[PDB]
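Working notes for the structure below.
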Amino acid sequence: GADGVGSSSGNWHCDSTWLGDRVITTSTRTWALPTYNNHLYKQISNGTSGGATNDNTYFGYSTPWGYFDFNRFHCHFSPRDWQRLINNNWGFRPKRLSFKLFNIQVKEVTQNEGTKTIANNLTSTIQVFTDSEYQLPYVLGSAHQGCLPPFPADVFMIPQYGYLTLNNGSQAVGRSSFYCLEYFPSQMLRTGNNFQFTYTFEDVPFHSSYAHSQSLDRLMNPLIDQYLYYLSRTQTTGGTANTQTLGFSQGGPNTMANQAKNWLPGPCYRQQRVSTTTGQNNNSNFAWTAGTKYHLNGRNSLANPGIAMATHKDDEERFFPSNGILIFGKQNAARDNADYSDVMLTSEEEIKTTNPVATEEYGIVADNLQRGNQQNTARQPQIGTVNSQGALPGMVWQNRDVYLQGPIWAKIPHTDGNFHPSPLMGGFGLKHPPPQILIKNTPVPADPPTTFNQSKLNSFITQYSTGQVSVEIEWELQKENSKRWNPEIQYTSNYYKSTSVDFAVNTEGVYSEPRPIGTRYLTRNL
Amino acid sequence: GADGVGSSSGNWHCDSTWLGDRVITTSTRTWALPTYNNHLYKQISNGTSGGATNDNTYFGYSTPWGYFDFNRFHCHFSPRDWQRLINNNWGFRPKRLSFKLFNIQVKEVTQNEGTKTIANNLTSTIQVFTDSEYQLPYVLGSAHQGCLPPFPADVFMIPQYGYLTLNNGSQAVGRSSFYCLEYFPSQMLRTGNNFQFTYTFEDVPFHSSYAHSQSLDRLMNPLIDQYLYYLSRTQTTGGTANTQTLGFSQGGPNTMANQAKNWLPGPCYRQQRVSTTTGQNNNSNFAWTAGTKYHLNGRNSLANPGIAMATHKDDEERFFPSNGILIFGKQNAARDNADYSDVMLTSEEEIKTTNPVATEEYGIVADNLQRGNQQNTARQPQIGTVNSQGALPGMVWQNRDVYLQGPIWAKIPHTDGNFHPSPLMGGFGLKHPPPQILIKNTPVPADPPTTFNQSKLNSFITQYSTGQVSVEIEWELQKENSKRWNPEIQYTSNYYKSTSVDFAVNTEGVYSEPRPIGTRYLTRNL
Amino acid sequence: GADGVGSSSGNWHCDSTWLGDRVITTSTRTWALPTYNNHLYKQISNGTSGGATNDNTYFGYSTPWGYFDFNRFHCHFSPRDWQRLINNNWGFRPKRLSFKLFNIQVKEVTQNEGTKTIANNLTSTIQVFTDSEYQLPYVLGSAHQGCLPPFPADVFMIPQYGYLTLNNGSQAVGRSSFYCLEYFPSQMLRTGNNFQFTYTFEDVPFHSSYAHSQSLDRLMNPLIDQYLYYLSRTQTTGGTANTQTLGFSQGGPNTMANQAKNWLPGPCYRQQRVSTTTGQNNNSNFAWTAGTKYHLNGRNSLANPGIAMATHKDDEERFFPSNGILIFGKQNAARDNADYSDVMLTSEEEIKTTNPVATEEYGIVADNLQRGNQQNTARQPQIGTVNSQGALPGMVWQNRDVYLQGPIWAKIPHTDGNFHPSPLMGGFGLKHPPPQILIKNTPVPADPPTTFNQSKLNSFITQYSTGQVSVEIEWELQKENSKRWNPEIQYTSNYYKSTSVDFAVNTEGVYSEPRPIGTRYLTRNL
């Protein structure tokens, strides 16, 4: 058509459409983009000279660009839409997305004395491009702030793009890369232009939006015996001097721990157990010294949250792995040293059926070769505790649950090999994820001098931009086909009276999410 | 055409053609083939009676055949061609090969008194066949001598084919197989015939001809905080009597070791650390007693080189895993007890970014369940060191690098299951690799007696054969598409003056390779 | 389409595409254009009255226009792209270019009291035209500041156009020309218009992007003697009284300086030798008194850098010709009297093979006619040193190398004759080079008086302009086809750790180039 100062370049479109095995969520927000870094790229680093430990060293670059992040589930689903999803579906996955950037408004700020004036700059541009070839460091999938807000009426600030590369302390090495984002083709938009692009998700397995109604060690028939035998006795009984013997029995309903089985629980990487009753915990600061870590290039990193393991066993909801769960913060919680009442701990107890408990061992194996007292001195069988266990043939396991406040996807690192590349924070591991959209205000110089100077211009017009952003994702559903007789467990609001509605604004206009909501409510058989 | 004594049956073809995403290397050499084993098959074995340990016992057969081996990279690539490959390509893999055997010359040796005469035997044959059905023990892929020489002007001797089967000490068992290679269809060639065959590689992943410019624990945005919380404090501070508490923080730029992450480093099988400064090593002979071994049927075998792990961490190039690297020998180095200055140690430091260091642990896991002093005696959290770690979900890793002097492929054992079947010595794991070409001089009996005798003939005419062999491999390239601004690291010759040119002959005509050359020079993002 | 205030008239396009024998570099920058000279043309001159010497006199005109200059190699090539070029190609040359000027923003500045306000002037224009007929003095190709910056994120100021004509001291002569650039057809652009033009380079020889692996005096076979003889002796030996004789020998492997040869080294114009170790230089200020100069119309001009000669011989990297090399300045170096550590000296040592050393003589010639003592007094042969040598038949030579920071082209003067018209600063000599693009802000008068006045208006509205400029050049490549066995020399980054990445921004956002990069890394035979 005809795009100009006086015409609108897009419409507000926030909705959700359920149709068959599909649900299409569309979302629109209003953003603001400042000028970052004074239009400069800056080398950033952190060494041990300052006072940091070797574990927190880095070397990277801070860019003047910003980026869009809709990598949380509440960016697309309302709390009621999340309820329709998790109460009626066994699984879901993303199919394709559309992204739009419209109604651009570039404004200039003047500051004579103590007066601040904001006026339109009708001829200024913003630059937008997507990293469709995955040529920049991918910083989505690290659970960073700056998402599209969950409440459609909130206006958000676009976060600043930065990246890291190889370091040796605060220094760089020969393989450290430097990226200029102006070295990419970018689209320039004045107040009358808009931007848009579409993306198609690759085939990714459905998320397991269910709990198991059987456990792995209870797949048997509780009425029939097994025809296989197991060693049930190595020493006679009854008499006064018991001797060695061999005795075998058939596993039945009363001895189900001895029965022969076909499968094994998933892998284990044991965590430390912490109680929410502080009086039960040890009186020391063991959050880091006793943490569950991995070692990479002489640098210790917390395995957080780590592989998917059950949070606790039966009747022990007060225990959690020290760094083995996702922890969200309540509305307006401190950044550092928030109290327990200010955060919301998740719980993966739904996978007790196949996954080992995060704070327990995997099992028991033998240590030595037992013998009698025939020739050499008698030796008693020794056993060892398996606290870490990699993949064994015949293992089955579930992934970590996704949450309304949690991440959606992550980029699978480009490596030679990987094992079960599902992100450890939960979500869909993608070889080619949604590309990151980079955005920036084109610099506008102030009046240059009237005599030539070779130096680069460092005096600019103060500016920022505003506009709307809409993202539409189509999800595929996996409906449940269950013959269970009794009613299921569902997610529900509390009927009782209260001061405020959950998932609503309070008297000051602050929207908040009172609890985290997983997706495992319906049940399945193993 | 017309093949006979006076016409040539092939041309010398040693070259390399780069065209697009393909490179075609052709190579020709001159070989000599003796008579092996006096035309006999011989049972060979080694037991503990002789003085060998149980780890080195074997039972097998020594055959009179020889075999062709072009399973090193310098058989096909010149040092300059290797430089064109590793400086410009992110990956490569083999596609198809052609093999030719031509200009056969069978010669007979007579030895009257102290006189030695060598004359043509125009009517003698050689036998050639390829094990296209993989019915013989495959001895390629064990890094054996007898390759086509790297320098095209060198004449090489064809190695003798032998194989092993099951043993119990120096003895055999009922499942031990005996193979006669004369029980195969074979092609007989006189001085005017030639042999040829073609082969097509199966789909194999490209070799990672790059290093990572990011590390796994540094995929985050260094400017933005995380919205997820982690347990940062379990004990109050400041006061005189500190009590238990729970405190949570958000991971940010300054605490990147505590941030939530999606992935884990690759598996670990810890090695012993040895320094090239001998004064730093322990004063004992621990090369075998402290080696990193695996146990199979009561036999210990060194895990050499083992799974792909980083050789050392930053600033520690003097350390290597005791048996975790490929070690090549310099030109004319001893077979036994060569000094350190006579060998060339490789280094896989390029995979510090995803793979754990070979001489370090994998990480830390919990040992016990910590508790306070509410009821039972207080217990402090205990941690354990993970020195071996199998595959965990969310692991990523790189393979071992390939070298100019290193092997190309290996045959994947025919088993029920395998995990990431990439050869541990580096290269391409193939279910059906290039078949082994077997070659032999047909026996020519001396004058038999004039009265019949049933005994097999054990008097033959002394003979050997000569000819040329050409092998042409087509490789597929994977070009780099990088937006890195600063220059890359490249492999380069030293500009400074020297007594000899590297990768050239010296004054005596001896060709040598001064250093090993890997393939990871360009960089990528994770 | 529809061009106006609210629509963008161009997109940011900074990229490089390698495809076969072509590489296409595109580059976009943001510029600022002030009002120059108060919209006036001004006669400028410099005589000896002021204090200048006769060598620095001039007469010319300063115009109110500005011009665009992309005549350096870093305007188009990133440091990594320069590495892809010089490591893999024997030669390159430019083919065609595209130029675009878009997103024009004309702004007006008001200055009431101590307050400065910058507002859009939507109805103001800029004027742009290209000198496609080469009718103005061509000031590109004089290595002037004001290029498009090497770092795409830098905003640059457009330089002011001026020119010189004939002078006699500070005065002009009858042949001195005066040019008004308003006497050209020019395109006027408001904030919604854009400008563009294309250009095709003429056929120019490829740049020699290689070094020679042979030298001119070593093209012989080192094993065979020559059949030609040379005079090897003019006096008998051995006896007590030696007499005159004639003795001839054949040139062989041991006397290669006496062998007959077909060619001669290139021309010479000897320079003065300066050491970078200051203690080795003479203790006097000889930079100008001992400089290597040419004389034109009673005016001395430094021959800088002069004809292409080798910088130094073997093992003498510390010596350079006093004014015979290109010298670039490090980031933020002084304009006058910069120390040696603030500049980067180039070195043309790669042409030792065909070109004479800049600080050495060309050779030796005879001075007199030698004779004996038969009649007149005996005379000994005299020799003279050739310090300058023009073109001789059978000469071969290389041009000067091009650098990443160096110039690309120059305009060949329109004369009756020229010898080897390749610019002495390095690059491509073009009869019709890329035309210079002239740009200016159209003057906007302030309020004129209400009574008529014939005087020209000298009160204007303060103004400047901003916009983007994109230039795309297509280069043709000349791939190397070498049979060299050993690896080549390549340009590479240093692997060692460092405080900053080379060719990247520092902590303050300042981009810098640490060293000059030539193009002669691969090798050829003579």
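Letters A, B, ... mark the chains of the structure tokens in the order given; residue numbers begin at 1 per chain; ligand numbers begin at 1, in order shown.
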Subject >> Picked from stretch 207-329 of chain B by DSSP as strand (DSSP E), as a ChimeraX atom specification >> reply: /B:207-208,211-212,229-235,244-250,264-265,268-269,273-275,293-296,299-302,319-321,327-329
Polymer residues at most 10 Å from residue B:380, only C-alpha atoms, same-chain spacing of 2 or more positions, as a compact mmCIF listing (two decimals) with N, CA and C atoms, in the first residue's frame:
```txt
# COMPACT_ATOMS: atom_id res chain seq x y z
N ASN A 281 18.81 -28.81 58.30
CA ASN A 281 20.03 -28.72 57.51
C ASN A 281 21.24 -28.55 58.42
N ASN A 282 22.41 -28.83 57.86
CA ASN A 282 23.65 -28.67 58.61
C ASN A 282 23.95 -27.19 58.81
N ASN A 283 24.63 -26.89 59.92
CA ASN A 283 24.94 -25.50 60.27
C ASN A 283 26.28 -25.10 59.65
N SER A 284 26.24 -24.92 58.33
CA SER A 284 27.40 -24.46 57.58
C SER A 284 26.92 -23.96 56.22
N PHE A 286 27.22 -24.51 52.80
CA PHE A 286 27.66 -25.57 51.90
C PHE A 286 27.01 -25.48 50.52
N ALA A 290 29.69 -27.94 48.76
CA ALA A 290 29.06 -29.24 48.60
C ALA A 290 28.18 -29.32 47.37
N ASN B 368 26.81 -38.45 50.85
CA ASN B 368 25.90 -38.74 51.95
C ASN B 368 24.74 -37.75 51.94
N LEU B 369 23.86 -37.90 52.93
CA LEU B 369 22.73 -37.01 53.15
C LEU B 369 23.08 -36.13 54.34
N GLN B 370 23.32 -34.84 54.09
CA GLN B 370 23.64 -33.94 55.19
C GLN B 370 22.43 -33.74 56.09
N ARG B 371 22.70 -33.46 57.35
CA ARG B 371 21.67 -33.20 58.33
C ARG B 371 22.25 -32.29 59.41
N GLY B 372 21.37 -31.77 60.25
CA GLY B 372 21.78 -30.92 61.34
C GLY B 372 21.86 -31.68 62.64
N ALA B 378 24.91 -34.40 64.16
CA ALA B 378 25.04 -33.63 62.93
C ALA B 378 25.99 -34.31 61.95
N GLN B 382 29.12 -34.61 52.41
CA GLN B 382 30.31 -35.22 51.85
C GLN B 382 30.20 -35.21 50.33
N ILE B 383 31.35 -35.07 49.68
CA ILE B 383 31.40 -35.04 48.22
C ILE B 383 32.36 -36.11 47.75
```
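Computed from the coordinates, the atom CA of residue B:151 to atom CA of residue B:31 distance equals 13.1 Å.
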Original post:
Of the candidates C:20, C:279, C:91, C:509, which shows the shortest atom-to-atom distance to chain B, using only C-alpha atoms?
Top reply: C:20
Original post:
Counting only C-alpha atoms, which residues of chain A come no farther than 6 Å from chain B, as a ChimeraX atom specification?
Top reply: /A:55-56,139,142-145,162-163,165-166,175-179,270-273,278,280-285,287,292-297,301-302,304,327-328,335-340,390-391,413-425
Original post:
If we count only C-alpha atoms, what is near stretch 86-90 of chain A at a cut-off of 7 Å, once residues fewer than 4 positions away on the same chain are taken out, given as a PyMOL selection string?
Top reply: chain A and resi 82+208-210+477-480+490-491+519-522
Could you turn the residues from that selection into a file that holds N, CA, C and O atoms, as a PDB file, in the first residue's frame?
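Generated output (part24.pdb):
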```
ATOM      1  N   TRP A  82      -2.706 -22.133  29.375  1.00  0.00           N
ATOM      2  CA  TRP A  82      -1.845 -23.178  29.911  1.00  0.00           C
ATOM      3  C   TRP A  82      -2.667 -24.262  30.586  1.00  0.00           C
ATOM      4  O   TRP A  82      -2.308 -25.440  30.527  1.00  0.00           O
ATOM      5  N   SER A 208       6.605 -34.636  27.072  1.00  0.00           N
ATOM      6  CA  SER A 208       5.803 -35.581  27.843  1.00  0.00           C
ATOM      7  C   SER A 208       4.961 -34.811  28.848  1.00  0.00           C
ATOM      8  O   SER A 208       5.393 -34.502  29.957  1.00  0.00           O
ATOM      9  N   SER A 209       3.735 -34.499  28.453  1.00  0.00           N
ATOM     10  CA  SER A 209       2.821 -33.744  29.303  1.00  0.00           C
ATOM     11  C   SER A 209       1.928 -34.704  30.091  1.00  0.00           C
ATOM     12  O   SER A 209       0.704 -34.659  30.029  1.00  0.00           O
ATOM     13  N   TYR A 210       2.573 -35.583  30.852  1.00  0.00           N
ATOM     14  CA  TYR A 210       1.853 -36.590  31.615  1.00  0.00           C
ATOM     15  C   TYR A 210       2.776 -37.125  32.694  1.00  0.00           C
ATOM     16  O   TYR A 210       3.993 -36.964  32.629  1.00  0.00           O
ATOM     17  N   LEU A 477      -0.679 -30.585  19.047  1.00  0.00           N
ATOM     18  CA  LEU A 477      -1.137 -31.255  20.251  1.00  0.00           C
ATOM     19  C   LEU A 477      -1.128 -32.766  20.064  1.00  0.00           C
ATOM     20  O   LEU A 477      -1.247 -33.276  18.949  1.00  0.00           O
ATOM     21  N   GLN A 478      -1.003 -33.477  21.178  1.00  0.00           N
ATOM     22  CA  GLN A 478      -1.068 -34.934  21.205  1.00  0.00           C
ATOM     23  C   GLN A 478      -2.147 -35.310  22.216  1.00  0.00           C
ATOM     24  O   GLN A 478      -1.911 -35.270  23.426  1.00  0.00           O
ATOM     25  N   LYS A 479      -3.335 -35.630  21.721  1.00  0.00           N
ATOM     26  CA  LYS A 479      -4.476 -35.858  22.593  1.00  0.00           C
ATOM     27  C   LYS A 479      -4.352 -37.183  23.333  1.00  0.00           C
ATOM     28  O   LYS A 479      -3.738 -38.138  22.854  1.00  0.00           O
ATOM     29  N   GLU A 480      -4.948 -37.229  24.516  1.00  0.00           N
ATOM     30  CA  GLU A 480      -4.904 -38.411  25.358  1.00  0.00           C
ATOM     31  C   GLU A 480      -6.023 -39.368  24.976  1.00  0.00           C
ATOM     32  O   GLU A 480      -7.146 -38.948  24.692  1.00  0.00           O
ATOM     33  N   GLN A 490      -6.216 -32.752  37.897  1.00  0.00           N
ATOM     34  CA  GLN A 490      -6.211 -31.584  37.031  1.00  0.00           C
ATOM     35  C   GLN A 490      -5.639 -30.390  37.772  1.00  0.00           C
ATOM     36  O   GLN A 490      -5.632 -30.342  39.002  1.00  0.00           O
ATOM     37  N   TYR A 491      -5.173 -29.411  37.008  1.00  0.00           N
ATOM     38  CA  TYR A 491      -4.810 -28.135  37.597  1.00  0.00           C
ATOM     39  C   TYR A 491      -6.071 -27.299  37.758  1.00  0.00           C
ATOM     40  O   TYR A 491      -6.877 -27.197  36.832  1.00  0.00           O
ATOM     41  N   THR A 519       3.348 -29.359  33.591  1.00  0.00           N
ATOM     42  CA  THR A 519       2.435 -29.856  32.524  1.00  0.00           C
ATOM     43  C   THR A 519       2.070 -31.326  32.739  1.00  0.00           C
ATOM     44  O   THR A 519       1.407 -31.893  31.849  1.00  0.00           O
ATOM     45  N   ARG A 520       2.474 -31.926  33.861  1.00  0.00           N
ATOM     46  CA  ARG A 520       2.231 -33.355  34.045  1.00  0.00           C
ATOM     47  C   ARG A 520       1.073 -33.558  35.015  1.00  0.00           C
ATOM     48  O   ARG A 520       1.257 -33.657  36.226  1.00  0.00           O
ATOM     49  N   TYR A 521      -0.133 -33.627  34.463  1.00  0.00           N
ATOM     50  CA  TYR A 521      -1.342 -33.840  35.242  1.00  0.00           C
ATOM     51  C   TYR A 521      -2.066 -35.110  34.832  1.00  0.00           C
ATOM     52  O   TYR A 521      -2.430 -35.911  35.695  1.00  0.00           O
ATOM     53  N   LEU A 522      -2.270 -35.321  33.537  1.00  0.00           N
ATOM     54  CA  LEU A 522      -2.814 -36.577  33.057  1.00  0.00           C
ATOM     55  C   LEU A 522      -1.808 -37.704  33.288  1.00  0.00           C
ATOM     56  O   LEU A 522      -0.637 -37.473  33.590  1.00  0.00           O
TER      57      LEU A 522
END
```
For stretch 100-103 of chain B, please output as a PDB file with N, CA, C and O atoms, in the first residue's frame all residues within 6 Å (counting only C-alpha atoms; exclusion window: fewer than 6 positions along the same chain).
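Below you can see part-v3.pdb, which holds the result:
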```pdb
ATOM      1  N   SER B   9      51.174 -51.847 -18.897  1.00  0.00           N
ATOM      2  CA  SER B   9      49.783 -52.056 -18.521  1.00  0.00           C
ATOM      3  C   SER B   9      49.245 -50.958 -17.616  1.00  0.00           C
ATOM      4  O   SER B   9      48.143 -51.096 -17.085  1.00  0.00           O
ATOM      5  N   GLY B  10      49.987 -49.875 -17.432  1.00  0.00           N
ATOM      6  CA  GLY B  10      49.491 -48.753 -16.661  1.00  0.00           C
ATOM      7  C   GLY B  10      50.451 -47.592 -16.712  1.00  0.00           C
ATOM      8  O   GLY B  10      51.626 -47.747 -17.055  1.00  0.00           O
ATOM      9  N   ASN B 194      46.871 -56.652 -15.578  1.00  0.00           N
ATOM     10  CA  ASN B 194      46.703 -55.695 -14.496  1.00  0.00           C
ATOM     11  C   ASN B 194      45.440 -56.025 -13.711  1.00  0.00           C
ATOM     12  O   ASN B 194      44.609 -56.830 -14.128  1.00  0.00           O
ATOM     13  N   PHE B 195      45.311 -55.388 -12.553  1.00  0.00           N
ATOM     14  CA  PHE B 195      44.185 -55.584 -11.656  1.00  0.00           C
ATOM     15  C   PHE B 195      43.624 -54.228 -11.263  1.00  0.00           C
ATOM     16  O   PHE B 195      44.361 -53.249 -11.146  1.00  0.00           O
ATOM     17  N   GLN B 196      42.316 -54.177 -11.041  1.00  0.00           N
ATOM     18  CA  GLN B 196      41.703 -52.935 -10.604  1.00  0.00           C
ATOM     19  C   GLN B 196      40.347 -53.215  -9.981  1.00  0.00           C
ATOM     20  O   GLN B 196      39.697 -54.212 -10.294  1.00  0.00           O
ATOM     21  N   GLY B 467      56.022 -54.148  -9.075  1.00  0.00           N
ATOM     22  CA  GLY B 467      55.017 -53.500  -9.884  1.00  0.00           C
ATOM     23  C   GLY B 467      54.684 -52.144  -9.306  1.00  0.00           C
ATOM     24  O   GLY B 467      55.317 -51.680  -8.361  1.00  0.00           O
ATOM     25  N   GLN B 468      53.675 -51.523  -9.892  1.00  0.00           N
ATOM     26  CA  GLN B 468      53.184 -50.246  -9.411  1.00  0.00           C
ATOM     27  C   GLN B 468      51.766 -50.414  -8.893  1.00  0.00           C
ATOM     28  O   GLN B 468      51.024 -51.293  -9.331  1.00  0.00           O
ATOM     29  N   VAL B 469      51.401 -49.553  -7.957  1.00  0.00           N
ATOM     30  CA  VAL B 469      50.072 -49.536  -7.370  1.00  0.00           C
ATOM     31  C   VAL B 469      49.607 -48.092  -7.328  1.00  0.00           C
ATOM     32  O   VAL B 469      50.358 -47.207  -6.911  1.00  0.00           O
ATOM     33  N   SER B 470      48.401 -47.845  -7.812  1.00  0.00           N
ATOM     34  CA  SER B 470      47.810 -46.521  -7.759  1.00  0.00           C
ATOM     35  C   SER B 470      46.484 -46.592  -7.021  1.00  0.00           C
ATOM     36  O   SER B 470      45.680 -47.495  -7.264  1.00  0.00           O
TER      37      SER B 470
END
```
Original post:
residue C:428: which residues within 7 Å, counting only C-alpha atoms, same-chain residues fewer than 2 positions away excluded, as a VMD selection string?
Top reply: chain C and resid 204 408 to 410 422 to 423 430
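In this model, the gap between atom CA of residue C:58 and atom CA of residue C:168 comes to 7.9 Å.
Atom CA of residue C:431 is found 14.3 Å from atom CA of residue C:95.
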**OP:** Tell me which protein, DNA and RNA residues are within 10 Å of residue C:406, counting only C-alpha atoms, leaving out same-chain ones fewer than 4 positions away, and put them as a PyMOL selection string.
**Re:** chain C and resi 71-75+143+326-328+401-402+425-427+516-518
Could the residues in this selection be saved with C-alpha atoms as an mmCIF file, in the first residue's frame?
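Written file, out.cif:
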```
data_model
loop_
_atom_site.group_PDB
_atom_site.id
_atom_site.type_symbol
_atom_site.label_atom_id
_atom_site.label_comp_id
_atom_site.auth_asym_id
_atom_site.auth_seq_id
_atom_site.Cartn_x
_atom_site.Cartn_y
_atom_site.Cartn_z
ATOM 1 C CA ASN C 71 40.429 4.093 -2.085
ATOM 2 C CA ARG C 72 41.887 1.889 0.639
ATOM 3 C CA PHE C 73 41.685 -1.870 0.863
ATOM 4 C CA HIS C 74 40.276 -1.985 4.395
ATOM 5 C CA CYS C 75 37.247 -0.040 3.170
ATOM 6 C CA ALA C 143 46.755 8.822 -0.099
ATOM 7 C CA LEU C 326 55.143 2.935 2.857
ATOM 8 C CA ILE C 327 54.838 3.886 6.528
ATOM 9 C CA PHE C 328 51.477 3.566 8.267
ATOM 10 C CA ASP C 401 52.989 -4.873 -2.691
ATOM 11 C CA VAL C 402 49.484 -3.745 -1.754
ATOM 12 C CA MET C 425 52.511 3.723 -3.896
ATOM 13 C CA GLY C 426 51.171 0.345 -5.021
ATOM 14 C CA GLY C 427 47.906 -0.594 -6.643
ATOM 15 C CA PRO C 516 50.254 -3.958 8.062
ATOM 16 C CA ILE C 517 49.377 -7.012 6.004
ATOM 17 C CA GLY C 518 50.792 -7.464 2.519
#
```
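Here the alpha helix (DSSP H) residues in stretch 22-172 of chain A, by DSSP on the backbone, are residues 79, 80, 81, 82, 83, 84, 85, 86, 87 and 88 of chain A.
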Subject >> Spatial neighbours of residue A:125, max dist 9 Å, only C-alpha atoms, sep filter under 2 positions, as a VMD selection string >> reply: (chain A and resid 104 to 106 121 to 123 127 188 to 191 440 to 443 465) or (chain C and resid 8 103)
